[PDB]
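These notes concern the structure reproduced below.
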Amino acid sequence: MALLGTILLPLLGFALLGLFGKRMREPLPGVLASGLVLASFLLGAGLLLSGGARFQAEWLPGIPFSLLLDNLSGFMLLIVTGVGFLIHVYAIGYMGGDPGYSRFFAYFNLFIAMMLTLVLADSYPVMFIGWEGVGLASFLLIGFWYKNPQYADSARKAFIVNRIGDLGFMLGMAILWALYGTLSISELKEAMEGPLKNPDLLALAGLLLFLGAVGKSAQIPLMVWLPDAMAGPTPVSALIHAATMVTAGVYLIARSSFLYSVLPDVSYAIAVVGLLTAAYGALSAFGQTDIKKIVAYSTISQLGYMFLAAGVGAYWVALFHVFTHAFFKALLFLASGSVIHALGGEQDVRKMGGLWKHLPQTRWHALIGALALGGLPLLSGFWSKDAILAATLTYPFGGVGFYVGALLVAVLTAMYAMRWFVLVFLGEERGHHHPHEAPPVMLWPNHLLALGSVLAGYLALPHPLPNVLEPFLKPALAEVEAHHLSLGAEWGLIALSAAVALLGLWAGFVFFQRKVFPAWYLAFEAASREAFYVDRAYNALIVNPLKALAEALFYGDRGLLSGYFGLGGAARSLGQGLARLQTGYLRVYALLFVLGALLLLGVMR
Amino acid sequence: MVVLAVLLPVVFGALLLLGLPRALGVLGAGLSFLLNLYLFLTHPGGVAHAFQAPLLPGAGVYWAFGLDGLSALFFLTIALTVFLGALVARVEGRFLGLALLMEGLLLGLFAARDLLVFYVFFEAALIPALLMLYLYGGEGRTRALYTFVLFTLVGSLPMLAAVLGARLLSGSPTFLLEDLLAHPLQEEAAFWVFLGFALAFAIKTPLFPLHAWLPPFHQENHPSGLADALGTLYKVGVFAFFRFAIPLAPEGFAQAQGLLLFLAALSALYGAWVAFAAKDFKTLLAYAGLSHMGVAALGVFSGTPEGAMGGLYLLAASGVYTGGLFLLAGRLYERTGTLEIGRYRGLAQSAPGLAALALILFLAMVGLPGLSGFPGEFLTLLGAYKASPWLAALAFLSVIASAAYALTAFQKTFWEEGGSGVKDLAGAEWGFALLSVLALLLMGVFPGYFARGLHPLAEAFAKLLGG
């Protein structure tokens, strides 16, 4: 019963800021939002320290309302609430003189409550409730500034793709209702152990769950909705790309780890899709001339990393990368938001450069972030990415090509992160920034974000050093394990990864200080800026043809109604022929009369 | 008892039609709402307020009434919807009396415990709708009226021979549903009787080939859309199917089930898809109602008590929020002067709470979890997947086009750059919005409490399709 308050607080707060909202001073809505996030973080950490929580209430027959708070659920809850409080403070800072303070922080509270509903669920229908709520809050916050059409169609496309993924989710859930009839993840796992049945249908349900997870975490093909979230304010982009709305993809697999652990083909496919998503997000990252896009594509790349980890069966490793990423990407985004608040929303890369000396603590934030993304040898991003690299080989399904693939993707993440940092802070000066570059309450939670990004790190370290995260994650869920391991050679691999990451950092440094950009690289950068022409083909054969088919069906319905009219007119015509049967000549009437009478007398036999 | 709640909207609508004033009809619809709610609460069961009175002793027709778990919440649903249409209407043409009359008629229809009285109310509800269509607006009013009315009548009149066969060929003494179900029909006669039932019940559902009346009906009514809301409450096809058609002649439904599921799937998809191509509110909502009715029909036709309860719940709630969207479109017409979707884009900044209200309503429409649609939608998905997974999947290529058309309309009406500026809200519109959002939130968060009367009826009439 007390567990419900964690969700209720940034729902009552959302209701206040939505309904009255503007009856308050400017800081007060953000203050209330951040305070509810804080006094929900605290009261949920108390429950986690009390061993766990359970809640069951009456709902749809056979589908009750079941909340389970365990190790795996609490890990996600603490991540989301902490980063949400930090981004709430950063949004109190970043939002100023902008109407709809109430709307913004009510939407923030709503987002927090919906993400909590998602992660705290013992039933797949409650998981789906949280899913659609997060999608709605994302649409709302991306379309917060409605006076611009650009920042509305973005959210529209986002939610449409999201509802595609949610329909796949629903179909998988109908499968895992027709099959078992529980739809409560706990009893569904306990019913799925042992003699599995209809393996084709089970793999199909798992595949549909993964299809939903792809739409949510912006994997291929449904990736395209994530970059346009730049339309949303920068703290919104931070919360969406780092702590929420994407992590749910990995969480669904980790909770369904019992389901996917017995689906080798499905887990292999998940690994393949994660690899391809990382490769794309990395290749199309640096060509982007906007900081928001060049960071969003890195988000896509790192989410591909996490999905590869969870696909090879390395669930706790995927969660490790989720942790490190939620730190350093929030760092990146809030740094970028402070940058564009200093330049008055310039939000460009080629219009940037030489912000090193002029910006105090922002060069430090952005550098810590870029190094965590590139995998600095002693940094959380390094530990997570390389734990993924190791779990590739150690965990089942072979990981042979996946290892070299993820290594090249790490090279590219280093290169484009260095392109980001170079082109933003170094090697020319352009524009204007007079008064105020660094604000207090934006960089203050960003300070803690840089701190956490640096020191997330060593919670999961190769087995001589303590792997604290794995024993925490394994017992609550992701129970089934089959992983080999090695020593001496594994640390040689760690050394190879660290050296390669350093080489990629300096390679990006030189290549993107260069500005030479030889013939082929210009084409490559342009292609990466245009996201490799994906939307062009999506609207060529899919979206616009669906529109034309909608119009065609409308015209077909019109013609159907016209045919109904034609039938009525045929009846009328018959009627007027029968009225023409009466000419008005008495001889005609009498002949027709005698005719009808003889017809009757014949019928009588 | 039941009959009092049934008759209260009728007498109030008469007192608005002939008597004065317009304002009294609002509180009359409210009193109907309260009594229907009171009957909904403390409800012991179907028999709750049983009523049996002599009507045609010789022929065997009696007034038979009572609140099932189905009749109770349908009473409450209709009372609420028509009360909103009474307060917010702004039509005030003195045909709010016609609206209240149609409300009472729908209440009696749902309270009908015998087949012939059910049939009588089903045919009687035509007159108010046709009037509030004809004399209170529309230029193609006469042709839309002829289309809708002639469709309903060509479907209905053979169902009289079907009910006569259902009573006579089974040796049923009366038209009471109890007796009629106590005397089931045999093969190749229940076939023809169920066919005669299914014609009218599909054309009133509506299904794909038979929906051509829905856009003409919805367009030419009074632009406020009170007539449109009451016509959407007139989509009882699913209720009739579940309560009468299938239980009375399941043998024909056994063969026709594949076809019916397919039609429901295609109706849902086609409606949700063409609604995107719709350029006006009336047509958009018409195709949306078509899609929802398709989903409900799918849920009922799947057998599957899950799907059946989902279809019935989705029916009641879709009537509710579709009538709400109709009244909202009518009020925006009264303040602006146009129902076009493209023009007058700046609304969001000018309209403080109309944006939030329309958003809540469209989200409830697209079947978002937490609002009224999703429980029925999901139960229907489950049952349809049980019956025919292929047709379930086809029918559920609907959420996409639903979100598409809903978000497109909402954005292009409200979000974009400010225009002149629009009137904010009326005092009656305030209560309309509050109560609408309250009902939507309650039916979305607690589908357990509601439909508790629906679960036994669903499982029983689905197991009736077994041995």
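We name chains A, B, ... following the order of the structure tokens; residues begin at 1 in each chain, and ligands are numbered from 1 as shown.
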Sorted per-residue table, chain A near chain B, closest atoms and distance, 9 Å, only C-alpha atoms, as CSV:
```
residue,atom,partner,partner_atom,distance
A:19,CA,B:353,CA,8.9
A:58,CA,B:448,CA,6.6
A:59,CA,B:448,CA,4.5
A:60,CA,B:448,CA,4.8
A:61,CA,B:448,CA,7.0
A:64,CA,B:448,CA,8.8
A:125,CA,B:369,CA,9.0
A:126,CA,B:369,CA,9.0
A:128,CA,B:369,CA,7.8
A:129,CA,B:369,CA,5.3
A:130,CA,B:369,CA,8.5
A:132,CA,B:368,CA,6.9
A:133,CA,B:369,CA,7.8
A:143,CA,B:415,CA,8.3
A:145,CA,B:415,CA,8.6
A:146,CA,B:415,CA,4.9
A:147,CA,B:417,CA,4.6
A:148,CA,B:416,CA,6.3
A:149,CA,B:416,CA,5.7
A:152,CA,B:411,CA,7.3
A:153,CA,B:411,CA,8.4
A:156,CA,B:407,CA,6.6
A:157,CA,B:404,CA,8.7
A:159,CA,B:403,CA,7.9
A:160,CA,B:400,CA,6.4
A:161,CA,B:400,CA,8.3
A:163,CA,B:400,CA,6.1
A:164,CA,B:400,CA,6.1
A:166,CA,B:399,CA,8.9
A:167,CA,B:399,CA,7.1
A:170,CA,B:378,CA,7.7
A:171,CA,B:393,CA,7.4
A:173,CA,B:382,CA,8.4
A:174,CA,B:382,CA,5.0
A:175,CA,B:385,CA,7.6
A:177,CA,B:382,CA,7.0
A:178,CA,B:386,CA,6.2
A:546,CA,B:273,CA,8.8
A:547,CA,B:277,CA,7.2
A:548,CA,B:277,CA,8.5
A:549,CA,B:274,CA,8.6
A:550,CA,B:274,CA,5.0
A:551,CA,B:277,CA,5.2
A:552,CA,B:274,CA,8.5
A:553,CA,B:274,CA,6.2
A:554,CA,B:274,CA,5.5
A:557,CA,B:212,CA,6.9
A:558,CA,B:212,CA,7.9
A:560,CA,B:212,CA,7.2
A:561,CA,B:212,CA,5.5
A:564,CA,B:212,CA,8.4
A:565,CA,B:147,CA,8.4
```
>> Can you pull out the residues contacting range 98-110 of chain B? Cut-off 7 Å, using only C-alpha atoms, and skip same-chain residues under 6 positions away; I want them as a ChimeraX atom specification.
In response: /B:6-10,12-14,17,29,71,75,78-79,82,118,121-122,125,128
> With only C-alpha atoms as the basis for distance, which of A:241, A:357, A:430, A:484 is at the shortest distance from residue 301 in chain A?
Replying inline: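 Comparing A:241, A:357, A:430, A:484 against residue 301 in chain A, the winner is A:241.
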> Which one of A:358, A:25, A:189, A:255 sits closest to residue 121 in chain A if you count only C-alpha atoms?
Replying inline: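 Among A:358, A:25, A:189, A:255, it is A:255 that comes nearest to residue 121 in chain A.
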Which residues are near residue 224 in chain B? Cut-off 9 Å, only C-alpha atoms, ignore same chain within fewer than 4 positions. Put them as a compact mmCIF listing (two decimals) with N, CA, C and O atoms, in the first residue's frame.
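What landed in out.txt:
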```
# COMPACT_ATOMS: atom_id res chain seq x y z
N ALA B 89 -25.21 21.02 -24.67
CA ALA B 89 -25.66 21.00 -26.06
C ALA B 89 -25.45 22.32 -26.79
O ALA B 89 -24.78 22.37 -27.82
N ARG B 90 -26.07 23.38 -26.27
CA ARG B 90 -26.10 24.70 -26.89
C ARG B 90 -27.01 24.66 -28.11
O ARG B 90 -27.27 25.70 -28.72
N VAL B 91 -27.52 23.48 -28.46
CA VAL B 91 -28.58 23.45 -29.47
C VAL B 91 -29.78 24.24 -28.96
O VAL B 91 -30.17 25.25 -29.54
N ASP B 228 -25.94 13.44 -33.31
CA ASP B 228 -24.86 12.52 -33.65
C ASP B 228 -24.48 11.64 -32.47
O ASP B 228 -24.25 10.43 -32.62
N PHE B 326 -18.44 14.35 -29.83
CA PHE B 326 -19.46 15.01 -30.66
C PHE B 326 -19.90 16.34 -30.05
O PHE B 326 -19.98 17.36 -30.74
N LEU B 327 -20.21 16.33 -28.75
CA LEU B 327 -20.61 17.56 -28.08
C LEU B 327 -19.48 18.59 -28.09
O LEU B 327 -19.73 19.79 -28.24
N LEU B 328 -18.24 18.13 -27.95
CA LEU B 328 -17.10 19.05 -27.96
C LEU B 328 -16.96 19.70 -29.34
O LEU B 328 -16.78 20.92 -29.44
N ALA B 329 -17.06 18.90 -30.40
CA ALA B 329 -17.04 19.45 -31.75
C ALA B 329 -18.19 20.43 -31.97
O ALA B 329 -18.01 21.47 -32.62
N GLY B 330 -19.36 20.14 -31.41
CA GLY B 330 -20.48 21.05 -31.56
C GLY B 330 -20.27 22.38 -30.85
O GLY B 330 -20.68 23.43 -31.35
N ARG B 331 -19.64 22.35 -29.68
CA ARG B 331 -19.38 23.60 -28.97
C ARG B 331 -18.31 24.43 -29.67
O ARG B 331 -18.42 25.66 -29.77
N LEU B 332 -17.29 23.76 -30.23
CA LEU B 332 -16.29 24.50 -30.97
C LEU B 332 -16.88 25.08 -32.24
O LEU B 332 -16.49 26.17 -32.67
N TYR B 333 -17.86 24.39 -32.83
CA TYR B 333 -18.59 24.98 -33.93
C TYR B 333 -19.36 26.22 -33.49
O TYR B 333 -19.28 27.27 -34.13
N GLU B 334 -20.12 26.10 -32.40
CA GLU B 334 -20.92 27.24 -31.93
C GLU B 334 -20.05 28.46 -31.66
O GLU B 334 -20.51 29.60 -31.85
```
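The residue that comes closest to residue 242 in chain A, out of A:137, A:78, A:296, A:209 and on the basis of only C-alpha atoms, is A:296.
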Distance query range 389-398 of chain A at most 8 Å, only C-alpha atoms, self and fewer than 3 positions along chain excluded, as an mmCIF file with N, CA and C atoms, in the first residue's frame:
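Written output follows (around_35.cif):
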```
data_model
loop_
_atom_site.group_PDB
_atom_site.id
_atom_site.type_symbol
_atom_site.label_atom_id
_atom_site.label_comp_id
_atom_site.auth_asym_id
_atom_site.auth_seq_id
_atom_site.Cartn_x
_atom_site.Cartn_y
_atom_site.Cartn_z
ATOM 1 N N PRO A 264 17.136 -19.603 -27.961
ATOM 2 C CA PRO A 264 18.476 -19.302 -28.489
ATOM 3 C C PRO A 264 18.430 -18.491 -29.767
ATOM 4 N N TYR A 268 19.966 -14.767 -30.111
ATOM 5 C CA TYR A 268 20.936 -14.480 -31.168
ATOM 6 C C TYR A 268 20.462 -13.332 -32.053
ATOM 7 N N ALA A 309 24.455 -7.009 -25.392
ATOM 8 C CA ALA A 309 24.755 -7.649 -24.113
ATOM 9 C C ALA A 309 23.602 -8.534 -23.645
ATOM 10 N N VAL A 312 23.157 -11.823 -25.946
ATOM 11 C CA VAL A 312 24.064 -12.952 -25.770
ATOM 12 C C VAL A 312 23.805 -13.613 -24.418
ATOM 13 N N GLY A 313 22.833 -13.098 -23.675
ATOM 14 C CA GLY A 313 22.513 -13.629 -22.376
ATOM 15 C C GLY A 313 23.177 -12.908 -21.236
ATOM 16 N N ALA A 314 23.864 -11.801 -21.508
ATOM 17 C CA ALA A 314 24.592 -11.070 -20.477
ATOM 18 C C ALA A 314 23.672 -9.973 -19.968
ATOM 19 N N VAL A 317 25.284 -7.620 -17.489
ATOM 20 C CA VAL A 317 26.227 -6.760 -18.200
ATOM 21 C C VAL A 317 25.490 -5.663 -18.966
ATOM 22 N N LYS A 385 31.266 -1.037 -21.489
ATOM 23 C CA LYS A 385 31.457 -1.472 -22.865
ATOM 24 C C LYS A 385 32.379 -2.681 -22.924
ATOM 25 N N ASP A 386 33.421 -2.704 -22.095
ATOM 26 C CA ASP A 386 34.355 -3.818 -22.152
ATOM 27 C C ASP A 386 33.823 -5.046 -21.422
ATOM 28 N N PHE A 402 30.769 -10.657 -33.307
ATOM 29 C CA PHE A 402 30.218 -9.591 -32.474
ATOM 30 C C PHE A 402 31.303 -8.870 -31.688
ATOM 31 N N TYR A 403 32.355 -9.584 -31.291
ATOM 32 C CA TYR A 403 33.442 -8.946 -30.560
ATOM 33 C C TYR A 403 34.122 -7.871 -31.408
ATOM 34 N N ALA A 406 31.703 -4.888 -32.120
ATOM 35 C CA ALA A 406 31.576 -3.952 -31.009
ATOM 36 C C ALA A 406 32.856 -3.161 -30.805
ATOM 37 N N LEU A 407 34.003 -3.757 -31.125
ATOM 38 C CA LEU A 407 35.260 -3.029 -30.999
ATOM 39 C C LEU A 407 35.341 -1.891 -32.010
ATOM 40 N N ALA A 482 24.468 -19.581 -18.090
ATOM 41 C CA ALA A 482 25.409 -20.529 -18.666
ATOM 42 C C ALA A 482 26.500 -19.671 -19.293
ATOM 43 N N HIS A 483 27.580 -19.438 -18.553
ATOM 44 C CA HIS A 483 28.651 -18.588 -19.048
ATOM 45 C C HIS A 483 29.982 -19.187 -18.633
ATOM 46 N N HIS A 484 30.878 -19.318 -19.601
ATOM 47 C CA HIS A 484 32.269 -19.649 -19.341
ATOM 48 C C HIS A 484 33.036 -18.364 -19.030
ATOM 49 N N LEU A 485 34.257 -18.512 -18.520
ATOM 50 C CA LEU A 485 35.104 -17.354 -18.254
ATOM 51 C C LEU A 485 36.564 -17.780 -18.307
ATOM 52 N N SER A 486 37.453 -16.788 -18.393
ATOM 53 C CA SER A 486 38.892 -17.026 -18.434
ATOM 54 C C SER A 486 39.597 -15.898 -17.693
ATOM 55 N N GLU A 490 41.747 -12.586 -20.564
ATOM 56 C CA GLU A 490 40.667 -11.604 -20.480
ATOM 57 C C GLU A 490 41.212 -10.216 -20.179
ATOM 58 N N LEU A 493 42.631 -8.773 -23.228
ATOM 59 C CA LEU A 493 41.543 -8.183 -24.005
ATOM 60 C C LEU A 493 41.132 -6.822 -23.451
#
```
>> I'd like the neighbourhood of residue 316 in chain B as an MDAnalysis selection string, where a residue qualifies if any of its atoms comes within 9 Å (using only C-alpha atoms), though same-chain residues fewer than 6 positions away should be ignored.
In response: chainID B and resid 73:74 77:78 233
For the residues in the current selection, export N, CA and C atoms as an mmCIF file, in the first residue's frame.
```cif
data_model
loop_
_atom_site.group_PDB
_atom_site.id
_atom_site.type_symbol
_atom_site.label_atom_id
_atom_site.label_comp_id
_atom_site.auth_asym_id
_atom_site.auth_seq_id
_atom_site.Cartn_x
_atom_site.Cartn_y
_atom_site.Cartn_z
ATOM 1 N N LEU B 73 -25.334 -1.129 -16.086
ATOM 2 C CA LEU B 73 -24.325 -0.189 -16.549
ATOM 3 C C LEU B 73 -24.709 0.452 -17.870
ATOM 4 N N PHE B 74 -25.493 -0.222 -18.709
ATOM 5 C CA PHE B 74 -25.922 0.452 -19.927
ATOM 6 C C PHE B 74 -26.900 1.580 -19.607
ATOM 7 N N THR B 77 -24.643 4.365 -18.402
ATOM 8 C CA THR B 77 -23.931 4.921 -19.556
ATOM 9 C C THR B 77 -24.809 5.873 -20.353
ATOM 10 N N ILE B 78 -25.997 5.413 -20.740
ATOM 11 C CA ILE B 78 -26.865 6.222 -21.583
ATOM 12 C C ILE B 78 -27.346 7.449 -20.819
ATOM 13 N N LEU B 233 -24.999 6.302 -29.709
ATOM 14 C CA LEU B 233 -25.610 5.464 -28.677
ATOM 15 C C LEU B 233 -26.616 4.479 -29.251
#
```
>> I need the residues of range 215-343 of chain B that end up classed as helix (DSSP H, G or I) by DSSP on the backbone, written out as a VMD selection string.
In response: chain B and resid 215 to 220 226 to 232 237 to 248 250 to 277 281 to 301 305 to 336
> Hey, can you check how far CA of residue 289 in chain B sits from CA of residue 201 in chain B?
Replying inline: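 Here the two named atoms are 15.5 Å from each other.
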